[PDB]
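What's in final.cif: mmCIF, C-alpha atoms; chains and numbers go by the auth columns
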```cif
data_input
loop_
_atom_site.group_PDB
_atom_site.id
_atom_site.type_symbol
_atom_site.label_atom_id
_atom_site.label_comp_id
_atom_site.label_asym_id
_atom_site.label_seq_id
_atom_site.Cartn_x
_atom_site.Cartn_y
_atom_site.Cartn_z
_atom_site.B_iso_or_equiv
_atom_site.auth_seq_id
_atom_site.auth_asym_id
ATOM 1 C CA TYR A 1 1.935 7.053 9.924 0.00 1 A
ATOM 2 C CA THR A 2 -0.660 8.067 7.364 0.00 2 A
ATOM 3 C CA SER A 3 0.483 11.658 7.902 0.00 3 A
ATOM 4 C CA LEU A 4 4.183 11.045 7.243 0.00 4 A
ATOM 5 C CA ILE A 5 3.495 8.993 4.104 0.00 5 A
ATOM 6 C CA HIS A 6 1.086 11.664 2.873 0.00 6 A
ATOM 7 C CA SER A 7 3.736 14.333 3.439 0.00 7 A
ATOM 8 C CA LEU A 8 6.104 12.258 1.301 0.00 8 A
ATOM 9 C CA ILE A 9 3.436 11.731 -1.365 0.00 9 A
ATOM 10 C CA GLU A 10 2.741 15.474 -1.298 0.00 10 A
ATOM 11 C CA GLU A 11 6.469 16.213 -1.562 0.00 11 A
ATOM 12 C CA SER A 12 6.720 13.695 -4.409 0.00 12 A
ATOM 13 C CA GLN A 13 3.976 15.593 -6.251 0.00 13 A
ATOM 14 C CA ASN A 14 5.908 18.864 -6.001 0.00 14 A
ATOM 15 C CA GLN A 15 9.121 17.216 -7.201 0.00 15 A
ATOM 16 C CA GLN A 16 7.250 15.709 -10.154 0.00 16 A
ATOM 17 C CA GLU A 17 5.908 19.187 -10.923 0.00 17 A
ATOM 18 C CA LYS A 18 9.330 20.832 -10.649 0.00 18 A
ATOM 19 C CA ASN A 19 10.826 18.072 -12.804 0.00 19 A
ATOM 20 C CA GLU A 20 8.240 18.611 -15.538 0.00 20 A
ATOM 21 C CA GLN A 21 8.748 22.386 -15.547 0.00 21 A
ATOM 22 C CA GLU A 22 12.532 21.970 -15.693 0.00 22 A
ATOM 23 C CA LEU A 23 11.957 19.644 -18.663 0.00 23 A
ATOM 24 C CA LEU A 24 9.871 22.014 -20.800 0.00 24 A
ATOM 25 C CA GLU A 25 12.469 24.805 -20.574 0.00 25 A
ATOM 26 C CA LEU A 26 15.121 22.689 -22.314 0.00 26 A
ATOM 27 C CA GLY A 27 16.014 23.199 -25.943 0.00 27 A
ATOM 28 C CA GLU A 28 14.792 20.692 -28.499 0.00 28 A
ATOM 29 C CA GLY A 29 18.377 19.429 -28.823 0.00 29 A
ATOM 30 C CA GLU A 30 19.306 18.427 -25.266 0.00 30 A
ATOM 31 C CA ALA A 31 18.074 14.818 -25.256 0.00 31 A
ATOM 32 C CA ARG A 32 14.908 16.465 -23.944 0.00 32 A
ATOM 33 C CA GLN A 33 12.693 13.791 -25.514 0.00 33 A
ATOM 34 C CA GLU A 34 14.654 10.944 -23.917 0.00 34 A
ATOM 35 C CA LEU A 35 14.609 12.518 -20.452 0.00 35 A
ATOM 36 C CA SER A 36 10.891 13.184 -20.927 0.00 36 A
ATOM 37 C CA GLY A 37 10.309 9.428 -20.959 0.00 37 A
ATOM 38 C CA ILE A 38 11.748 8.794 -17.505 0.00 38 A
ATOM 39 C CA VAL A 39 10.044 11.870 -16.032 0.00 39 A
ATOM 40 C CA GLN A 40 6.675 10.565 -17.244 0.00 40 A
ATOM 41 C CA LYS A 41 7.494 7.066 -15.985 0.00 41 A
ATOM 42 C CA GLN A 42 8.147 8.555 -12.544 0.00 42 A
ATOM 43 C CA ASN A 43 4.705 10.168 -12.798 0.00 43 A
ATOM 44 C CA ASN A 44 2.978 6.872 -13.632 0.00 44 A
ATOM 45 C CA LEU A 45 4.725 5.215 -10.684 0.00 45 A
ATOM 46 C CA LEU A 46 3.700 8.025 -8.336 0.00 46 A
ATOM 47 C CA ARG A 47 0.100 7.489 -9.453 0.00 47 A
ATOM 48 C CA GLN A 48 0.322 3.803 -8.531 0.00 48 A
ATOM 49 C CA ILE A 49 1.822 4.700 -5.150 0.00 49 A
ATOM 50 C CA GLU A 50 -1.086 7.094 -4.591 0.00 50 A
ATOM 51 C CA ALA A 51 -3.594 4.403 -5.576 0.00 51 A
ATOM 52 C CA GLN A 52 -1.833 1.876 -3.336 0.00 52 A
ATOM 53 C CA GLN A 53 -2.000 4.242 -0.360 0.00 53 A
ATOM 54 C CA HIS A 54 -5.767 4.638 -0.770 0.00 54 A
ATOM 55 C CA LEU A 55 -6.454 0.893 -0.804 0.00 55 A
ATOM 56 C CA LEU A 56 -4.007 0.223 2.041 0.00 56 A
ATOM 57 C CA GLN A 57 -5.773 2.748 4.270 0.00 57 A
ATOM 58 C CA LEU A 58 -9.172 1.244 3.447 0.00 58 A
ATOM 59 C CA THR A 59 -8.013 -2.321 4.103 0.00 59 A
ATOM 60 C CA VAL A 60 -6.415 -1.171 7.364 0.00 60 A
ATOM 61 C CA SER A 61 -9.722 0.375 8.459 0.00 61 A
ATOM 62 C CA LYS A 62 -11.612 -2.859 7.764 0.00 62 A
ATOM 63 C CA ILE A 63 -9.098 -4.890 9.784 0.00 63 A
ATOM 64 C CA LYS A 64 -9.278 -2.537 12.775 0.00 64 A
ATOM 65 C CA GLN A 65 -13.081 -2.591 12.554 0.00 65 A
ATOM 66 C CA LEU A 66 -13.198 -6.394 12.314 0.00 66 A
ATOM 67 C CA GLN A 67 -10.826 -6.725 15.276 0.00 67 A
ATOM 68 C CA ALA A 68 -13.345 -4.694 17.283 0.00 68 A
ATOM 69 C CA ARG A 69 -16.184 -7.007 16.220 0.00 69 A
ATOM 70 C CA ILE A 70 -14.233 -10.089 17.316 0.00 70 A
ATOM 71 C CA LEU A 71 -13.426 -8.414 20.635 0.00 71 A
ATOM 72 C CA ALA A 72 -17.117 -7.617 21.131 0.00 72 A
ATOM 73 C CA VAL A 73 -17.996 -11.276 20.566 0.00 73 A
ATOM 74 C CA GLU A 74 -15.252 -12.373 22.966 0.00 74 A
ATOM 75 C CA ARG A 75 -16.624 -10.027 25.630 0.00 75 A
ATOM 76 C CA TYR A 76 -20.218 -11.053 24.884 0.00 76 A
ATOM 77 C CA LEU A 77 -19.245 -14.652 25.651 0.00 77 A
ATOM 78 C CA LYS A 78 -17.456 -13.527 28.818 0.00 78 A
ATOM 79 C CA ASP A 79 -20.648 -11.794 30.021 0.00 79 A
ATOM 80 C CA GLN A 80 -22.934 -14.815 29.811 0.00 80 A
ATOM 81 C CA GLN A 81 -28.287 -18.198 20.820 0.00 81 A
ATOM 82 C CA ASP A 82 -28.406 -18.400 16.998 0.00 82 A
ATOM 83 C CA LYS A 83 -27.858 -14.644 16.642 0.00 83 A
ATOM 84 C CA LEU A 84 -24.356 -15.478 17.890 0.00 84 A
ATOM 85 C CA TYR A 85 -23.695 -17.855 14.989 0.00 85 A
ATOM 86 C CA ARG A 86 -24.891 -15.310 12.419 0.00 86 A
ATOM 87 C CA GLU A 87 -22.409 -12.788 13.835 0.00 87 A
ATOM 88 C CA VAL A 88 -19.559 -15.306 13.631 0.00 88 A
ATOM 89 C CA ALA A 89 -20.454 -16.264 10.056 0.00 89 A
ATOM 90 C CA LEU A 90 -20.677 -12.599 9.057 0.00 90 A
ATOM 91 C CA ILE A 91 -17.252 -11.930 10.583 0.00 91 A
ATOM 92 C CA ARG A 92 -15.878 -14.802 8.498 0.00 92 A
ATOM 93 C CA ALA A 93 -17.549 -13.285 5.430 0.00 93 A
ATOM 94 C CA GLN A 94 -16.016 -9.845 5.996 0.00 94 A
ATOM 95 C CA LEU A 95 -12.629 -11.485 6.580 0.00 95 A
ATOM 96 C CA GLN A 96 -12.811 -13.320 3.248 0.00 96 A
ATOM 97 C CA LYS A 97 -13.532 -10.040 1.450 0.00 97 A
ATOM 98 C CA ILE A 98 -10.484 -8.457 3.099 0.00 98 A
ATOM 99 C CA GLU A 99 -8.333 -11.400 1.995 0.00 99 A
ATOM 100 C CA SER A 100 -9.006 -10.845 -1.715 0.00 100 A
ATOM 101 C CA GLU A 101 -8.824 -7.061 -1.409 0.00 101 A
ATOM 102 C CA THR A 102 -5.392 -7.710 0.101 0.00 102 A
ATOM 103 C CA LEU A 103 -4.695 -9.872 -2.958 0.00 103 A
ATOM 104 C CA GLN A 104 -5.008 -6.770 -5.141 0.00 104 A
ATOM 105 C CA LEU A 105 -2.622 -4.969 -2.783 0.00 105 A
ATOM 106 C CA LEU A 106 0.016 -7.662 -3.323 0.00 106 A
ATOM 107 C CA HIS A 107 -0.506 -7.594 -7.095 0.00 107 A
ATOM 108 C CA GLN A 108 -0.084 -3.819 -7.240 0.00 108 A
ATOM 109 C CA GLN A 109 2.890 -3.931 -4.865 0.00 109 A
ATOM 110 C CA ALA A 110 4.690 -6.431 -7.106 0.00 110 A
ATOM 111 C CA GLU A 111 4.093 -4.336 -10.230 0.00 111 A
ATOM 112 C CA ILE A 112 5.150 -1.195 -8.355 0.00 112 A
ATOM 113 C CA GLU A 113 8.453 -2.717 -7.236 0.00 113 A
ATOM 114 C CA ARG A 114 8.927 -4.076 -10.764 0.00 114 A
ATOM 115 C CA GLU A 115 8.583 -0.596 -12.268 0.00 115 A
ATOM 116 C CA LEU A 116 10.799 0.965 -9.587 0.00 116 A
ATOM 117 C CA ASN A 117 13.598 -1.513 -10.312 0.00 117 A
ATOM 118 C CA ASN A 118 13.550 -0.903 -14.066 0.00 118 A
ATOM 119 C CA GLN A 119 13.635 2.847 -13.394 0.00 119 A
ATOM 120 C CA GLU A 120 16.649 2.494 -11.092 0.00 120 A
ATOM 121 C CA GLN A 121 18.539 0.829 -13.952 0.00 121 A
ATOM 122 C CA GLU A 122 17.575 3.532 -16.459 0.00 122 A
ATOM 123 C CA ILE A 123 18.437 6.397 -14.106 0.00 123 A
ATOM 124 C CA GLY A 124 21.617 4.539 -13.172 0.00 124 A
ATOM 125 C CA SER A 125 22.808 4.789 -16.770 0.00 125 A
ATOM 126 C CA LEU A 126 21.701 8.417 -17.117 0.00 126 A
ATOM 127 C CA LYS A 127 23.846 9.395 -14.127 0.00 127 A
ATOM 128 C CA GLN A 128 27.115 8.360 -15.783 0.00 128 A
ATOM 129 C CA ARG A 129 26.328 10.408 -18.896 0.00 129 A
ATOM 130 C CA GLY A 130 27.859 13.854 -18.507 0.00 130 A
ATOM 131 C CA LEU A 131 26.172 15.782 -21.312 0.00 131 A
ATOM 132 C CA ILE A 132 22.787 15.393 -19.577 0.00 132 A
ATOM 133 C CA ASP A 133 21.512 18.517 -17.825 0.00 133 A
ATOM 134 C CA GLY A 134 22.673 18.525 -14.216 0.00 134 A
ATOM 135 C CA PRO A 135 19.699 20.172 -12.499 0.00 135 A
ATOM 136 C CA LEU A 136 16.992 18.064 -14.145 0.00 136 A
ATOM 137 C CA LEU A 137 18.878 14.812 -13.566 0.00 137 A
ATOM 138 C CA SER A 138 19.239 15.804 -9.908 0.00 138 A
ATOM 139 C CA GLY A 139 15.480 16.273 -9.608 0.00 139 A
ATOM 140 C CA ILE A 140 14.934 12.943 -11.348 0.00 140 A
ATOM 141 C CA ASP A 141 17.376 11.309 -8.928 0.00 141 A
ATOM 142 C CA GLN A 142 15.644 12.989 -5.984 0.00 142 A
ATOM 143 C CA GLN A 143 12.216 11.839 -7.174 0.00 143 A
ATOM 144 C CA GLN A 144 13.460 8.249 -7.439 0.00 144 A
ATOM 145 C CA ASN A 145 14.525 8.495 -3.787 0.00 145 A
ATOM 146 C CA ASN A 146 11.048 9.771 -2.890 0.00 146 A
ATOM 147 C CA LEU A 147 9.244 6.974 -4.729 0.00 147 A
ATOM 148 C CA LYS A 148 11.565 4.339 -3.254 0.00 148 A
ATOM 149 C CA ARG A 149 10.991 5.568 0.310 0.00 149 A
ATOM 150 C CA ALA A 150 7.215 5.588 -0.168 0.00 150 A
ATOM 151 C CA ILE A 151 7.312 2.085 -1.653 0.00 151 A
ATOM 152 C CA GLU A 152 9.429 0.929 1.293 0.00 152 A
ATOM 153 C CA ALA A 153 6.881 2.144 3.857 0.00 153 A
ATOM 154 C CA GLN A 154 3.949 0.707 1.905 0.00 154 A
ATOM 155 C CA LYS A 155 5.747 -2.651 1.768 0.00 155 A
ATOM 156 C CA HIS A 156 5.955 -2.811 5.566 0.00 156 A
ATOM 157 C CA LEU A 157 2.331 -1.662 5.793 0.00 157 A
ATOM 158 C CA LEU A 158 1.224 -4.423 3.422 0.00 158 A
ATOM 159 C CA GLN A 159 3.215 -7.033 5.357 0.00 159 A
ATOM 160 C CA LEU A 160 1.475 -5.996 8.579 0.00 160 A
ATOM 161 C CA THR A 161 -1.890 -6.244 6.807 0.00 161 A
ATOM 162 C CA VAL A 162 -1.152 -9.798 5.665 0.00 162 A
ATOM 163 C CA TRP A 163 -0.067 -10.443 9.257 0.00 163 A
ATOM 164 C CA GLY A 164 -3.188 -9.064 10.933 0.00 164 A
ATOM 165 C CA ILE A 165 -5.433 -11.015 8.564 0.00 165 A
ATOM 166 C CA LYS A 166 -3.887 -14.272 9.776 0.00 166 A
ATOM 167 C CA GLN A 167 -4.323 -13.060 13.360 0.00 167 A
ATOM 168 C CA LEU A 168 -8.029 -12.432 12.774 0.00 168 A
ATOM 169 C CA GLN A 169 -8.436 -15.825 11.100 0.00 169 A
ATOM 170 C CA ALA A 170 -6.981 -17.538 14.168 0.00 170 A
ATOM 171 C CA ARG A 171 -8.957 -15.370 16.587 0.00 171 A
ATOM 172 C CA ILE A 172 -12.282 -15.979 14.837 0.00 172 A
ATOM 173 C CA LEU A 173 -11.351 -19.667 14.654 0.00 173 A
ATOM 174 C CA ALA A 174 -10.890 -19.784 18.430 0.00 174 A
ATOM 175 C CA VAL A 175 -14.378 -18.319 18.860 0.00 175 A
ATOM 176 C CA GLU A 176 -15.722 -21.110 16.650 0.00 176 A
ATOM 177 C CA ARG A 177 -14.035 -23.810 18.736 0.00 177 A
ATOM 178 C CA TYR A 178 -15.297 -22.314 22.001 0.00 178 A
ATOM 179 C CA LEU A 179 -18.850 -22.343 20.606 0.00 179 A
ATOM 180 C CA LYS A 180 -18.704 -25.948 19.388 0.00 180 A
ATOM 181 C CA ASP A 181 -17.414 -26.969 22.825 0.00 181 A
ATOM 182 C CA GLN A 182 -20.407 -25.338 24.526 0.00 182 A
ATOM 183 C CA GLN A 183 -22.801 -27.072 22.122 0.00 183 A
ATOM 184 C CA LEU A 184 -21.416 -30.360 23.479 0.00 184 A
#
```

Final structure tokens representation of the file:
Amino acid sequence: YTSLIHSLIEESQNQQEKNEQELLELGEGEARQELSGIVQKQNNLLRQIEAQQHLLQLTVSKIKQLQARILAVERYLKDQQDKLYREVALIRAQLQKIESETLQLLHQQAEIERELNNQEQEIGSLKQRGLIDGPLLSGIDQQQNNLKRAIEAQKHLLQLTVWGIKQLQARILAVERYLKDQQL
């Protein structure tokens, strides 16, 4: 669900906005500087979630498009060279590109979950402290729930992308073995 994730990202942007406005209306002596740190950290993390969603959707398009190329080759062989071996090699080339683009996804995912965990600990401590403004800390707590949910969906998306890549590798490998059998 691109749409559902984008509704959550959109909602996360409004919460970030509301949080920041609630922050600037505090007096200079309400730990307003301290709270400002975590609010900005939530903004940086939202940016990385946004960036991750863009690359995920691109990678997912390339996989779906490569799956259609492999299918076309499988049907071409059913309805039956040289131009065939160039197609197979080019499919392997595209696949290799997707593999390293998915390597950036895993890098960013790890850093994103690293930042989310350190924020959970910070906000965990803030929640025990009573003197901290109730409304703003509620919006900070709500935003953390938003970012965590987004990260959770993107994690499952990334795992399916790693999964489909291995499926394409096996499927293009089967096409290679069928072709070397015919050459015999």

| 8 Å contact set for range 91-102 of chain A, all atoms listed in the file, chain neighbours under 2 positions out, as a ChimeraX atom specification | /A:59,62-63,66,69-70,87-89,104-106,161-162,165,168-169,172

| request: Decode the PyMOL selection byres ((chain A and resi 131-138) around 8) for the given file into explicit residues and return them as a ChimeraX atom specification. | output: /A:19,22-23,30-31,126-127,129-130,139-142

| note | note - CA of residue 45 in chain A and CA of residue 18 in chain A are separated by 16.3 Å

| query | Which one of A:158, A:123, A:153, A:8 sits closest to residue 35 in chain A if you count all atoms listed in the file? | reply |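 Selected residue with least distance to residue 35 in chain A: A:123.
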
| task | Work out how far CA of residue 54 in chain A is from CA of residue 156 in chain A, in Å to one decimal. | result |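 So the two atoms, CA of residue 156 in chain A and CA of residue 54 in chain A, lie 15.3 Å apart.
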
| Which neighbours of residue 118 in chain A fall inside 12 Å, counting only C-alpha atoms, when residues of the same chain fewer than 3 positions from it are skipped, and could you give them as a ChimeraX atom specification? | /A:38,41-42,45,111-115,121-125,144

| query | Suppose you want the space between CA of residue 150 in chain A and CA of residue 14 in chain A; what is it in Å? | reply |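 That distance, rounded to one decimal, is 14.6 Å.
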
Is there a way to get, as a short mmCIF file (atom, residue, chain, number, x, y, z; two decimals) with C-alpha atoms, keeping the file's coordinate frame, all residues within 12 Å of the point (-4.9, 9.6, -3.1) in file coordinates, counting only C-alpha atoms?
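Saved to selection22.cif:
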```cif
data_model
loop_
_atom_site.label_atom_id
_atom_site.label_comp_id
_atom_site.auth_asym_id
_atom_site.auth_seq_id
_atom_site.Cartn_x
_atom_site.Cartn_y
_atom_site.Cartn_z
CA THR A 2 -0.66 8.07 7.36
CA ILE A 5 3.50 8.99 4.10
CA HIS A 6 1.09 11.66 2.87
CA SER A 7 3.74 14.33 3.44
CA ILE A 9 3.44 11.73 -1.36
CA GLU A 10 2.74 15.47 -1.30
CA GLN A 13 3.98 15.59 -6.25
CA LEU A 46 3.70 8.02 -8.34
CA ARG A 47 0.10 7.49 -9.45
CA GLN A 48 0.32 3.80 -8.53
CA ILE A 49 1.82 4.70 -5.15
CA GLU A 50 -1.09 7.09 -4.59
CA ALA A 51 -3.59 4.40 -5.58
CA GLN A 52 -1.83 1.88 -3.34
CA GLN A 53 -2.00 4.24 -0.36
CA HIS A 54 -5.77 4.64 -0.77
CA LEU A 55 -6.45 0.89 -0.80
CA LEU A 56 -4.01 0.22 2.04
CA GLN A 57 -5.77 2.75 4.27
CA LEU A 58 -9.17 1.24 3.45
#
```

| said: Which residues are near residue 74 in chain A? Cut-off 12 Å, all atoms listed in the file, ignore same chain within fewer than 3 positions. Put them as a ChimeraX atom specification. | reply: /A:67-71,77-80,84,87-88,171-176,178-179
